[PDB]
Protein chains: 2
Amino acid sequence: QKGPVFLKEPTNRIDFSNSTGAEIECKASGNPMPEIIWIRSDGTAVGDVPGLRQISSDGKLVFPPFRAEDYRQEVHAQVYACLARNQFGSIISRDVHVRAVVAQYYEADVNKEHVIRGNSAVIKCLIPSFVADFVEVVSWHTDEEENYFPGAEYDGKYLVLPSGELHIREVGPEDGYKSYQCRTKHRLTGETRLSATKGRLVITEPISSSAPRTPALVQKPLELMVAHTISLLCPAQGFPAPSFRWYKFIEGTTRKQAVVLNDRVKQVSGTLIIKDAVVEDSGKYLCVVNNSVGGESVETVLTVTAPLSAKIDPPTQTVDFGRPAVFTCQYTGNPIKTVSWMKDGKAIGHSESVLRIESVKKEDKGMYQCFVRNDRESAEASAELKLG
Amino acid sequence: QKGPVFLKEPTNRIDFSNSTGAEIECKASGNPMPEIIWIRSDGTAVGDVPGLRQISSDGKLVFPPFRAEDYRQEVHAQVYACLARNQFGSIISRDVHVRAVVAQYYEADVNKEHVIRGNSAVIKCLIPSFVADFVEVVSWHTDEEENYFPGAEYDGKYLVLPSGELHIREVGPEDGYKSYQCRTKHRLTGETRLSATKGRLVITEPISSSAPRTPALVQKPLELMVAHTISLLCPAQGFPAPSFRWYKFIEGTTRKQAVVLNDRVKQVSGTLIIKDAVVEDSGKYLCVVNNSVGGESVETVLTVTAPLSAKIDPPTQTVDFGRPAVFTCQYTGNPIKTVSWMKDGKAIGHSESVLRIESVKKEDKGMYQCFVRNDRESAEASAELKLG
Ligand SMILES: *[C@@H]1O[C@H](CO)[C@@H](O[C@@H]2O[C@H](CO)[C@@H](O)[C@H](O)[C@H]2NC(C)=O)[C@H](O)[C@H]1NC(C)=O
Ligand SMILES: *[C@@H]1O[C@H](CO)[C@@H](O[C@@H]2O[C@H](CO)[C@@H](O)[C@H](O)[C@H]2NC(C)=O)[C@H](O)[C@H]1NC(C)=O
Ligand SMILES: *[C@@H]1O[C@H](CO)[C@@H](O[C@@H]2O[C@H](CO)[C@@H](O)[C@H](O)[C@H]2NC(C)=O)[C@H](O)[C@H]1NC(C)=O
Ligand SMILES: *[C@@H]1O[C@H](CO)[C@@H](O[C@@H]2O[C@H](CO)[C@@H](O)[C@H](O)[C@H]2NC(C)=O)[C@H](O)[C@H]1NC(C)=O
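Residues numbered from 1 in each chain as written, not as in the entry; some residues may be left out. Chains lettered and ligands numbered in written order. Heavy atoms only, no water.

The next point concerns the interface of chain A and chain B. Contacts between the two partners involve 41 residues from chain A and, on the opposite side, 41 residues from chain B. Where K112 of chain B meets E107 of chain A, a salt bridge forms, and the shortest distance between an N and an O atom there is 2.6 Å. Across the contact surface, chain A and chain B share 27 residue pairs in polar contact. Of all the secondary structure elements, the ones that give two or more residues to the side of chain A that touches chain B are β10 (96–101), β11 (113–116), β19 (201–204) and β21 (217–219) of chain A. Across the side of chain A that touches chain B, the residue classes tally to 19 nonpolar, 13 polar and nine charged. (Contact = heavy atoms within 4.5 Å. Salt bridge = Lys/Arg side-chain N within 4 Å of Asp/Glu carboxyl O. Polar contact = N/O pair within 3.5 Å; in protein donor to acceptor, adjacent residues only side chain to side chain. Helix = DSSP H or I, 4+ residues; strand = E, 2+ residues; numbered from the N terminus. Nonpolar A, V, L, I, M, F, W, Y, C, P; charged D, E, K, R; others polar.)

Here's what the structure looks like:
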């Protein structure tokens, strides 16, 4: 009576500590009831590995909590999928990226920041790149017992930015007798800790003028989710302390327009803050920094991401032999890198949103799917062809 | 009998400490002998400022050595030019960027480097951005008394890169009991010093696998001079320790080709080293980093610069009223941002290498120049038009 359709798929990312374990669920309908098979996204079937990966009834793949000694990459750092299948054909779920992380000591550091008196400073909490997916800055603390949290600026001077740095306006000689530590939190173990080192501003008295200089290492392209606040920094030091202006390129041109500052889009010194991000905020930004000696600029690319979703019209159709069958994949989200089609679990080499079979024949019957992907997510829709 | 031509112009950059002072020289020929006037590149005449800027005979602008208290931006952080002029017309020199820097304490730092055991490490000497134009890494030293200099790899393990970092292969638990300091040199004062802090590798035992991760801050576009060795880094950490491959984009496409490693172009772990750089090495490079869990990539832009030079054909010509006069500017160097023309010291709004006057008339007689610029340098050529 019907081919398979998914009712529940697991999300794209399943991250968890060895102590927590995980379970992922897949449910499909169909008649006859489809069998559910777990596969690695490349298509090989996966089995039971004692104490590590267990197929449950209902429809669940279980990763029990496990001791560090028992970590296995092929189980615990793997991209899975669910295959649902009956006599009418097969469909595969979106990719399920499993990342079991053994609970392990890390430290964050705060180093010295060399600044010219009168410039803004940005104090950073350095989190090792290999743990940074799981660790976020909660708050900043000084030796004089001042505590700074994300939200609003303190004393017209200190602001914990959305990206985690502590921004300090108009640094003075005085500010070099303070030391700064960050509190971080690990989302898989839930633990919080203070930074292993404390940083201080080291203030240079301006005795010579200099044109603004920006660091050698700059923010690589950013991907941030819709509806969250974003901060784009522009670190620069010079004397006279410089002024900062932000521009956004017109897509596919070398032309730019001044960013328009309002209730939603604000600038704090050289920092651009955009609340309530929307996909149209994506693009290429330029910060231009000037003083009476000279100027400099740096580009930052921003993509504002939105969850991927897909749906095929029509979800089922019957077409008489020799006649055309059209399936249209309707999708949402940002960015969309690719669209691609499968039939009964096998890529069919069509990468456009509308799939046309010009003249239907027996072996065209079965289940079709459209997958929409980008670098971080995937979404699928399915559809059945019945012969008339 | 003749309009002015420059015999000697000052170079584009004159950098010097307050203790050293500076003198810059401009000589031109012509008949009558041209007068030499020093100007700020925007065109205003400059005068004597007691003890700071003095016009010498011969043809020299002198910046005497001066005490810190006596620094003056309008004298000491300024773009000058020489104007040479007689009854036939005027020519202006290339820009002369003067940067007098008061001798002042700085420190470099070496911070902790968190690495996964078995990966490569790069230990960096952090030089504040506002002094980095004048400070270069000489050498690296450990507490165990090992001294590393630029040139060849030590013990198949340690290499001081052309860009100054200390590269360490295949880090082991053992390597965390060593501490590293850099020796730097300031080119204006000649002094050398060791870093104010020492860094250590902090080694994480790999207990979970992870895909390669690269830092948030990456090398911004590089400009390096012909005939020097360049190193492009690709910092990445993961487990299994990753492999690295470099590609270079085909200009104006999204297509890329594998970099070809040979006698001149080498790879040390993930570091690409190109000796004897040529202008054709310019472009956009991609480093791709892989292990059995996943992959990542980062782009770095390189421009290999070559000194700018310009010459006009013909250097003088006479043309009868109503007939055409053509001047062709021939130039060399890299990059060329602009070409632009002047007549008797005034921009004339032509930005192509060949200048045509379609039908010559009286007030067309005089001196013409072509200037070729990029962001760091300028070069000029001049030519006279005589009426026939
Ligand atoms: C998950 O892995 C870690 C081993 O890192 C386990 O946590 C350790 O447990 C031992 C003994 O109970 C403690 O003494 C260590 O202090 C722990 N280290 C850390 C970093 O927390 C944990 O028991 C494991 N989970 C299991 C096996 O269910
Ligand atoms: C502020 O600084 C920026 C320098 O980065 C200056 O903009 C440049 O201006 C020059 C001269 O007009 C142009 O050729 C460059 O293309 C500009 N760069 C950019 C990124 O726009 C700008 O002129 C400065 N403002 C003042 C008043 O000096
Ligand atoms: C250039 O400027 C610096 C002031 O920074 C002068 O150097 C100082 O000179 C005094 C006394 O001779 C020393 O005690 C300080 O130790 C010096 N400081 C530094 C950083 O070197 C120098 O004399 C000046 N040059 C002149 C006036 O010709
Ligand atoms: C090594 O890692 C890079 C990942 O950055 C992989 O290249 C990507 O491959 C995917 C799948 O083919 C492409 O869609 C991306 O466009 C690729 N990115 C780049 C920058 O080339 C590559 O596949 C990896 N190699 C292996 C064997 O897994």
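Here the narrative resumes.
Contacts to ligand 2 come from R245, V288, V289, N290, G295, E296 and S297 of chain A together with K337 of chain B. Nearby residues place ligand 2 at the junction of chains A and B. Contacts to ligand 2 include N290 of chain A, whose side-chain N or O atom sits 2.3 Å from an oxygen atom. Contributing elements (two or more residues each) for the shell around ligand 2: β29 (283–290) and β30 (295–313) of chain A. Here the shell around ligand 2 is composed, by residue class, of two nonpolar, three polar and three charged. (Near = heavy atom within 4 Å.)

According to the domain assignment, chain A contains domain 1 (1–102), domain 2 (103–206), domain 3 (207–307) and domain 4 (308–388). One C-alpha centre belongs to domain 2 of chain A, the other to domain 4 of chain A, and the line joining them spans 50 Å. (Domains from an automatic or database assignment.)

Glancing now at the side chain of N86 of chain B. All names here are of chain B. Secondary-structure assignment places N86 in strand β8 (residues 77–86). Judged by its relative accessible area of 9%, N86 falls in the buried class. Polar side-chain contacts of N86 include one of 2.9 Å to the backbone oxygen of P32. A distance of 3.1 Å separates a polar atom in the side chain of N86 from the backbone nitrogen of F88. With sequence-adjacent residues up to four places away left out, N86 is seen in contact with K2, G3, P4, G30, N31, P32, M33 and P34. (Buried < 20%, exposed > 50% of the residue type's maximum accessible area, 1.4 Å probe, protein only.)

Residue and element names in this part refer to chain A. For the structure on display, the rule yields two disulfides over all chains. Covalent S-S linkage joins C26 and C82, the inter-sulfur distance amounting to 2.1 Å. Measuring the twist about the S-S bond at about -80°, one finds the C26-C82 disulfide to be left-handed. Placement of the pair is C26 in the loop between β3 (22–25) and β4 (27–31) and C82 in strand β8 (residues 77–86), with a sequence separation of 56 residues. (Disulfide = S-S within 2.5 Å.)

Here the focus is the site of ligand 1. All names here are of chain A. With respect to spatial proximity, the complete set of residues near ligand 1 consists of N18, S19, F66, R67, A68, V102 and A103. Between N18 and ligand 1, the recorded distance is 2.3 Å, taken from a side-chain N or O atom to an oxygen atom. Within the contact set of ligand 1, a nitrogen atom lies 2.9 Å away from a side-chain nitrogen or oxygen of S19. Taken by itself ligand 1 offers 580 Å² of open surface, and the protein chains cover 38% of this. Looking at the shell around ligand 1 residue by residue, the class counts come to four nonpolar, two polar and one charged. (Areas by Shrake-Rupley, 256 points an atom, 1.4 Å probe, with all protein chains shown as cover.)

Once that is clear, we can look at the relation of the copies chain A and chain B. In summary, the two copies of the chain are related to each other by a rotation about an axis coupled with a shift along it. When chain A is brought onto chain B, the operation consists of a screw motion whose angular component is 180° and whose axial shift is 0.0 Å, with 0.0 Å RMSD remaining. Expressed as an axis order, the relation between the two copies is that of a two-fold axis. Most of the interface of chain A is mirrored in chain B: 100% of its interface residues are interface residues there too. (Least-squares fit on C-alpha atoms.)

Further remarks concern the sheet that holds strand β37 (residues 378–387) of chain A. In any sheet, the strands associate via hydrogen bonds between backbone groups, in a parallel or an antiparallel arrangement. All names here are of chain A. Judged by pairing direction, the sheet is mixed, and its five strands sit side by side in the order β31-β37-β36-β33-β34 without closing on themselves. Edge positions in the sheet fall to β31 (316–319) and β34 (346–347), since each of these pairs with one other strand and no more. Pairing between β31 and β37: four bridges, direction parallel. Across the sheet, residue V319 finds its bridge partner in β37, namely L387. (Pairing = 2+ DSSP bridges.)

This next bit is on the packing of aromatic side chains. Here the structure, examined in full by the defined rule, presents 14 aromatic pairs over all chains. Each ring, one from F66 of chain A and one from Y71 of chain A, has its centre 6.4 Å from the other, and the planes form 45°; the classification is tilted. The exposure class assigned to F66 of chain A is buried, which follows from its relative accessible area of 7%. On the numbers, 4.8 Å between centres and 15° between planes, the contact of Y148 of chain B with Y158 of chain B is stacked. In this pair, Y148 of chain B is assigned in strand β14 (residues 147–148) and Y158 of chain B in strand β15 (residues 158–160), connecting sequence segments 10 residues apart. Accessibility classification places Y148 of chain B together with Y158 of chain B in one group, the buried group. Connected via pairs of aromatic rings, a cluster forms that spans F16, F63 and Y80 of chain A. Sitting over the ring of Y247 of chain A, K256 of chain A keeps its end group 5.0 Å from the ring centre. The ring of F249 of chain A has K284 of chain A lying over it, and the distance from NZ or CZ to the ring centre is 5.0 Å. (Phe/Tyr/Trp six-rings, centres within 6.5 Å; stacked < 30°, edge-to-face > 60°. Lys NZ or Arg CZ within 6 Å of the ring centre and 35° of its normal.)

Turning to the pattern of salt bridges, a few remarks are in order. All names here are of chain A. Here the structure, examined in full by the defined rule, presents 48 salt bridges over all chains. For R169, the salt bridge is made with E153, and the minimal N-O distance between the two is 2.7 Å. On the criterion of sequence distance, the pair formed by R169 in the loop between β16 (166–168) and β17 (180–186) and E153 in the loop between β14 (147–148) and β15 (158–160) is long-range, its members being 16 residues apart.

Further remarks concern unusual backbone geometry. Residue and element names in this part refer to chain A. In this structure, the amide linkage connecting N334 to the following residue, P335, adopts the cis form with an omega of -10°. Residue position: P335 is located in the loop between β32 (325–334) and β33 (338–343). Even without a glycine there, the phi angle at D58 is positive, about 110°. Positionally, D58 belongs in the loop between β6 (54–55) and β7 (60–63). For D58, a relative accessible area of 71% corresponds to the exposed category. One non-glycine residue, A227, lies in positive phi territory at about 80°. Considering the arrangement of structural elements, one finds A227 in the loop between β22 (222–225) and β23 (230–232).

Residue and element names in this part refer to chain B. Examined bridge by bridge, strand β25 (residues 243–249) and strand β29 (residues 283–290) share six bridges and lie antiparallel to one another. Directly across from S243, in β29, lies its bridge partner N290. As paired strands, β25 and strand β26 (residues 256–258) are joined by three bridges and run antiparallel to one another. Residue pairing for β26: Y247 is matched across the bridge by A258. Taking the residues between adjacent antiparallel strands as the criterion, β25 and β26 are bridged by six residues, where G252 takes a positive phi near 75°.

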